[PDB]
Amino acid sequence: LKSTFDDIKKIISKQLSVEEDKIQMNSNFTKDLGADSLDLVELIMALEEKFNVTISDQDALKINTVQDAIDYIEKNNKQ
């Protein structure tokens, strides 16, 4: 759709399932639905583990918003 959605849908699909129709609200990934730290941190750990970035905890406030997400992968990975 936008950009990060690619890895975002791959991490969430491999972690739990495909909730793109119930996760993409442009609000938050840990607040909007508030799934669970284990899952949230999980799918995220993979996104960066595959992109090879220097993310750590910021991912909990960089991907939460579809806007910040696409800007987080375009500013860091820039690809």
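Residues numbered from 1 in each chain as written, not as in the entry; some residues may be left out. Heavy atoms only, no water.

Looking at the method field of the entry, one finds solution NMR.

Going by the PDB entry, the chain carries the name acyl carrier protein and comes from Plasmodium falciparum 3D7. This entry appears in the Protein Data Bank under the title "Solution structure of minor conformation of holo-acyl carrier protein from malaria parasite plasmodium falciparum". On record in UniProt, under Sequence similarities (unreviewed entry), the comment for the chain is "Belongs to the acyl carrier protein (ACP) family." Its UniProt record gives the chain the following Pathway (unreviewed entry) comment, quoted word for word: "Lipid metabolism; fatty acid biosynthesis." (UniProt positions renumbered as here; feature names shortened; annotations may be inferred.)

Asks: So what exactly am I meant to see when it comes to the overall build of the chain here?
Replies: Scanning the chain from terminus to terminus reveals 3 helices and 0 strands. For the chain, the α and β elements follow one another from N to C terminus as α-α-α. Since a compact globule built from 79 residues should have a radius of gyration of about 12 Å, the 11 Å found for the chain is in line with a globular shape. Once the C-alpha set of the chain is aligned to its principal axes, its extents read approximately 25 × 20 × 20 Å. Across the 79 residues of the chain, 35% fall into the buried class. By sequence separation, contacts in the chain at least 24 residues apart represent 57% of the contacts at least 6 residues apart. When the accessible area of the chain is evaluated, it comes to approximately 5000 Å², of which 43% is carbon and sulfur surface. Averaging the coordinates of the 10 positive side-chain charges in the chain and doing the same for the 16 negative ones gives two points 4 Å apart. (Helix = DSSP H or I, 4+ residues; strand = E, 2+ residues; numbered from the N terminus. Rg over C-alpha atoms; globule rule 2.2 N^0.38 Å. Buried < 20%, exposed > 50% of the residue type's maximum accessible area, 1.4 Å probe, protein only. Contact = heavy atoms within 4.5 Å. Areas by Shrake-Rupley, 256 points an atom, 1.4 Å probe, with all protein chains shown as cover. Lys, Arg positive; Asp, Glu negative; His and termini not counted. Charge placed at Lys NZ, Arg CZ, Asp CG, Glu CD.)

Asks: Sorry if this is basic, but what is going on with unusual backbone geometry here?
Replies: A positive phi is found at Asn26, a non-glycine position, where the angle reads about 65°. Examined against the element boundaries, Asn26 turns out to sit in the loop between helix 1 (5–15) and helix 2 (37–51). The backbone of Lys78 sits at a positive phi, close to 50°, despite the residue not being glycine. Its location among the elements puts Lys78 in the segment after helix 3 (66–75). Among the residues examined, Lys78 registers a relative accessible area of 61% and is labelled exposed.

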